[PDB]
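In structure tokens, the next block holds one chain alone, the form solved without the named molecule.
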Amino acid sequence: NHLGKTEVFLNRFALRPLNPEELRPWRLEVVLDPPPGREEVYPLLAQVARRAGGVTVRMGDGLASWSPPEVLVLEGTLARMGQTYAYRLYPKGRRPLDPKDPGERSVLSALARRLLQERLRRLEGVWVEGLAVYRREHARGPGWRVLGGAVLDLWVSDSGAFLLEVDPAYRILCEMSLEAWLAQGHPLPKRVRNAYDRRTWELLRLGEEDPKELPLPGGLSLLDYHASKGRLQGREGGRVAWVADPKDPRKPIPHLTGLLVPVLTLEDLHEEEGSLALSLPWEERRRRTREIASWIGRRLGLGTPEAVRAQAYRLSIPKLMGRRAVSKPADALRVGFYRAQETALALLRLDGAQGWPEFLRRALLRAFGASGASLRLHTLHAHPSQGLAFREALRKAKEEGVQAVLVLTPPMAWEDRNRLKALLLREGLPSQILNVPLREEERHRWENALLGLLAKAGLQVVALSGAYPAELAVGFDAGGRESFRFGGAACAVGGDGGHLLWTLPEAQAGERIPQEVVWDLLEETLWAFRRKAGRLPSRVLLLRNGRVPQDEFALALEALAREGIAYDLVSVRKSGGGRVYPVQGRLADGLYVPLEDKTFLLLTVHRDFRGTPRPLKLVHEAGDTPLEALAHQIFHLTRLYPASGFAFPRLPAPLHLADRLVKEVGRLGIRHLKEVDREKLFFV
């Protein structure tokens, strides 16, 4: 191996192997009347396990248990969606389960988790939300405190052992009223909860009215209203507070500040504490992870926790290329781009002012100078409020070779931002916005805005230097919408990643991307590779954001086999990787950690040393490229994103682009994209 080995700890701990009585759970038969539906079987079975109590989990069509039937509610009644059923439990003995059998250890682990939860529920000083445990004051001020603990998990090995997952976690509690909060000179919090229940509102403003005078729609005083329900007992109705239901933050509602409690944010605390942060340096997290794990092991009698370790790998550093070797995409602004064509940019200024800021102009001229490419800056002399007659100023601009526009503007309301984006997109003109109180020392901002303006004009700013198995990398994501998704793809064309492009996403009902939309988009990207390389990819790298729905790539994978194209399919989850800590030494990004076959973690980015990194968890779902070669290429693709400039995304450029793309399309809509070259990354 040409890669440097390192050992790592996972945030998992090995515990004792299950004993006989744990391997052979009480079985039970479930007799539900009226007999269940089909989509309603498991949900009711689970609500029966929960209604029977003890360490009980559903198992198949009946239930498993680590509790004696003599402490189980064997007869009962539960109310599901509309219908009221009655259940009965028939102790079918005690069959043993086998940890190798996937759904059997699925049951063993289910029971482990329920056990852990019950052991936790009985602990005295601790606060326990589900599997989260908070046990120690971490910070505090007048009226508030922050509790520290950890989220946990207990499951069963393939080899019959208990497994503990631990990750330090915090909870912010405010137990003071709004009145006191505001009386200590702090600012209004954006959200606020009822003091007498969980109902939570957005806090609009404070009221000038008198509680005892404010007539409540159909009845009494604000004060008299609340008094009625006995809420002023042991409390002091404060001032008038106008709040709103977050679902429709229009219609204001009267409330009293003595009966509201602030919902706090880290910044509401930064007014007080200032030096309080909730993320941890990785070594601190590792330490507390170990302490808490030992603490639980000691409250659990499942042995002494032995931190599980894995073999990690230092991946080769990606060689990023501008015109010359580069270390971050912003450096391309000084050295030149990987491949720059002739370009024409336009300016839309929407403050009172006029013309290109000289430093931007010079930065651009230098970059194209350095790149050995011609540049022609234009300036739109028209305003959006000229209604549509400015579309014609837009018409002019496309008839001279303008590939993208800079909008120099005051901060825009989201609505107007979209209105404008759309408006310029109709004419196939991607826009980069730059907020206009702007000064040359705000360098990372205008240089990122510039890098984005350039990606949006179709320039390739950086590429990789290296030989990778796949000559085509395409990432698939689903949706930038609520009740339905979009599902689209983006593209790193060439082994150098010499080209990036996007594909029009297609409206769909949920996560799963229709098999045929998958193959369609893929085909679009095959056409791209073909028409710039004159040949078909020998191998493609297929990437999904998140879990991959059952055989949703099947049609496309078969289409690929047919056309004699080799391929790999990787599922890239942002969650589920847990944690990774060096046994010795520092931790740098580029970490590759094999877990089972078909799966591995990748610590792709580390940079904000006040926080702890979250490895991606990746599953090799199809294909037969060595795990290490996939890791290597994913890792390098992380560095290919043009629009970030000073920090790399945690996701590989195609998946990060696909994400940005379906969020933009979900935001602006799908219309107005007919006239946009797919090489202009309009959405970064």
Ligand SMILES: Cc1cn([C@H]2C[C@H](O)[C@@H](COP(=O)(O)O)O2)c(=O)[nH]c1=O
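Numbers for residues come from their place in the sequence shown, where the first is 1.
There is also a form solved in complex with the named molecule; it is not shown, and the following applies to it.
- Taking the pose of the named molecule in the deposited bound form and superimposing the nearby C-alphas onto this chain, the site is open, with no ligand atom within 2.4 Å of backbone or C-beta atoms.
- Note that among 122 to 130, 363 to 371, 220 to 228, 567 to 575, the stretch whose heavy atoms approach the named molecule to within 4.5 Å in the deposited bound form is 220 to 228.
- Proximity to the named molecule in the deposited bound form, defined as a heavy atom within 4.5 Å, singles out one entry of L216, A382, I317, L78, which is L216.
- The contact residue chosen from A310, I253, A588, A533 relative to the named molecule in the deposited bound form is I253, the criterion being a non-hydrogen atom within 4.5 angstroms.
- For the chain shown alone, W201 is a contact residue for the named molecule in the deposited bound form, at least one non-hydrogen atom being within 4.5 angstroms.
- Among heavy atoms of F609, none comes within 4.5 Å of the named molecule in the deposited bound form.
- Residue contact with the named molecule in the deposited bound form: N194 places a heavy atom within 4.5 Å of it.
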